[PDB]
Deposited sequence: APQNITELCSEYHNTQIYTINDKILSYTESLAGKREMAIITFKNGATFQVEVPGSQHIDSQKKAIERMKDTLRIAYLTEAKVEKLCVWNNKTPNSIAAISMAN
């Protein structure tokens, strides 16, 4: 298996790593039909989503983003799909 988020991210097409090193600025979530999604932003002007639906991992990701937001946990890197707008989170690291 990959040893870290950068190696993991590299195994996928249409991805990149954002090095953030900052807490989440805003956290948004929606239960509205066909838009069951989460959005986060950062002070650097980045906006990322967790896309509407593996199914278990998407739910876990939204759980992680929420508690990271509320606890002001520093996000190190995000691996994101850059063929979606907002870019879609594939992986997160916290250090």
Unmodelled ranges, which are counted on the deposited sequence from position 1 and given in order:
54-60, 103
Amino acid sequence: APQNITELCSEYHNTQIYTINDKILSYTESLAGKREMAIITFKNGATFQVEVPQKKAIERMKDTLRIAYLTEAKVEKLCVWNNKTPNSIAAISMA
From here on, numbers count along this sequence of modelled residues.
Going by the mean C-alpha B-factor recorded in the entry, which is higher: 27-35 or 58-66?
27-35
Classify residue 19 as lowest, middle or highest third according to the C-alpha B-factor given in the PDB entry, relative to its own chain.
highest
Tertile call for residue 47 (CA temperature factor, within chain, third-based) is the middle
Based on the deposited C-alpha B factors for this chain, I'd like to know if residue 10 is in the lowest, middle or highest third.
highest
